[PDB]
Each structure stands twice: as structure tokens, then as C-alpha cells.
């Protein structure tokens, strides 16, 4: 979280938290209810976000759903949207934690090696995530949509 990150840096330098570290915990916790609302809205529309993300993805990259494509077929496509459902879930976790610790251990560290083995084209997974940003972001107020958007762009960043 913001808490975990602050503390780990504190303990590693053998010290109490800084004024800065204390301030960010305070600003973070003040945004608690708002962050929880952002996760709720997106949890509430998960099936729509995934499905519409999946259409947006296959238009932009029809090659993955083609003869020599990693997601070619009905059940190679079913698993592909399931992976898109996984990442949206992790994005809701990140938003309520206020950093990526959880998102990272669960779904980016090791992701290159996993997908290389499965021979999944990584950059088109990054596209599927942009597609989810676009949908999710259209169900949130301007301010909340930006706050959510940072976590989408992080995942897009880590698959790189």
C-alpha cells in the first residue's frame, strides 16, 4: 500500500516515519472513501468492461484471433477475456491500496516469462488493457477517471 511502502523504507533505514511519509499517509487515507467508490463502480460493471474491451481489442488487432494467432478460436478467446478480467481485478486492488505492491507480485513480476512460454504476444495484452481503460474511464467522473487511469497506464507500462 502507501503504508507498506512508507514503513519498509522506514525500517530499512532504522527509523521512524518522516514528516513527508506521515503526510502522504494522511492524504491517502482522506481519499479512502473516494478510492472505494472508484473500485465499486468498476467492480459493478466488470462484465461490460471486459466484453467491450475484448471487442475494442480484436478490431485493433484481428491477427491474434486468426489462424496463427495466440487467441484464435472460441476457447482461446475465452481464456483471453478471463486474463482481461484478472487484470481489471488487480487494477481495483491497486486503486484501493494506493500503490502497486499487490498488482506487481500477483501479475507483472514473472509475466514476461509466463506469456513467452505460452507464446502470447505481450504488446497486444497491453492493448487489451488500454481498451479497458477506455471503457472503465467512461463510467467515472473526470477526477475519479484520472485517478483510475494511472493504475491502467502502470499495467500497460509494466508489460514493456
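Residue numbers count along the first chain shown, from 1.
When the C-alpha B-factors of 65-73 and 123-131 are averaged, 65-73 comes out higher. Look at the C-alpha B-factors of 94-102 and of 27-35. On average they run higher in 94-102. In the PDB entry, a CA B factor belonging to the highest third of its chain's modelled residues is recorded for residue 60. Per the deposited record, the Cα B-factor of residue 108 falls in the highest third when ranked against the other modelled residues of its chain.
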